[PDB]
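> Compute the structure for the input listed below.
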Amino acid sequence: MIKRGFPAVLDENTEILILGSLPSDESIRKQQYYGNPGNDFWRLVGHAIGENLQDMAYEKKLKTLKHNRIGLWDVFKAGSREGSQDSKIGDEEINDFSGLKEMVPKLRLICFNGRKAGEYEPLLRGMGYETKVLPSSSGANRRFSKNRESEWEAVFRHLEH
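Residues are numbered from 1 along each chain as shown. For reference, the structure is listed below:
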């Protein structure tokens, strides 16, 4: 099957909009990023905002993000990530970001989770918004990127002062 993204997890007050690349099918079966707990995102952001997202139920950890002025979304609305040789995102169905100025006027930093997301960084540098290519929060990168989560802390600590 084609991997389908999620509707924007957004508040009218959002300083940082985090665009992943293409949500994992394990996420999509639950229809939740937390659907696979290997997304360490909740600890990476959680230590930075000082509020443990991990132990909160999915609805509440999102409420906490809206509180800290964080929104969640993706780049690829639909992409083919299937069992093949290359296993590359073929399908080119991508979200509109010309509307970012309407949906997020408080937006200052667009955090791209994973390389595939961060390839579309120079696109959103045209929207007058600062852009940061964060690495993938998934377990695949987690096992290697231990001290790299310190840059995540530098991002979300500002959300108070």
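> for residue 93, what are its contacts?
76, 77, 78, 79 (C-beta atoms under 8 Å, 6 or more residues apart in numbering). Using the backbone N, CA and C atoms, a C-beta is placed for each residue, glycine as well.
> Repeat the analysis, applying 6 Å as the threshold.
77, 78 (C-beta atoms under 6 Å, 6 or more residues apart in numbering).
> so the closest residue to residue 54 other than its chain neighbours is in which element?
Spatial nearest neighbour of residue 54, excluding adjacent residues (C-beta to C-beta, 6 or more residues apart in numbering): residue 42 at 4.6 Å. Element membership of residue 42, judged by DSSP states H and E, is helix 41-49.
> Look up how far residue 82 lies from residue 17.
28 Å (C-beta to C-beta, to the nearest Å).
> Neighbour count: those two, which is higher?
residue 17 (25 against 14; other C-beta atoms under 10 Å).
> Now for the closest residue to the more buried one other than its chain neighbours, which secondary structure element holds it?
Nearest in space to residue 17, with sequence neighbours left out and distances taken as C-beta to C-beta, 6+ apart, is residue 71 at 4.6 Å. Residue 71 is part of strand 70-74, with elements assigned from DSSP H and E.
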